[PDB]
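First to last, the protein sequences are chains S and Z. Heads up: the first sequence runs through residues 103 to 143, 145, numbered per the UniProt record's numbering. To convert, count from 1 in the second sequence and add 449; that's the UniProt record's numbering. Beneath this line is the structure, given in structure tokens, with notes to follow.
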Amino acid sequence: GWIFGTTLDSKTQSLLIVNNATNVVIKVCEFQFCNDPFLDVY
Amino acid sequence: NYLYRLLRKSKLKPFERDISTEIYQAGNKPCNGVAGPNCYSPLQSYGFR
């Protein structure tokens, strides 16, 4: 997984490149990740 | 319904799109979200008739 952009949370378009077994969801638009961004598993 | 941007900090790179609207500041006093003195909205309407 990776993220790219200028800021997070909102106010700016931010790249999101998440990786797992099989998903390459790529999204210019927006996602809610806090100051410690991690993907929850369980 | 058609607006254009006339003020920015730096020139645009090729094929680069700027969407976000923020109060432009060109002075020492910050705008702090208030479009008052030395604060201008960068989006301006064409006004076609």
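A virtual CB, placed ideally from N, CA and C, is assigned to each residue, including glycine.
Count the other CB atoms within 10 Å of the CB of Z:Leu-456; is the residue buried (16 or more) or exposed (fewer)? exposed
When you compare the segment 464 to 471 of chain Z with the segment 119 to 137 of chain S, are there three or more beta-carbon pairs, one atom per stretch, that lie closer than 8 angstroms? no
S:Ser-116: buried (16+ other C-beta within 10 angstroms of its C-beta) or exposed? buried
Under the three-state reduction of DSSP, which class applies to Z:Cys-488: helix, strand or coil? strand
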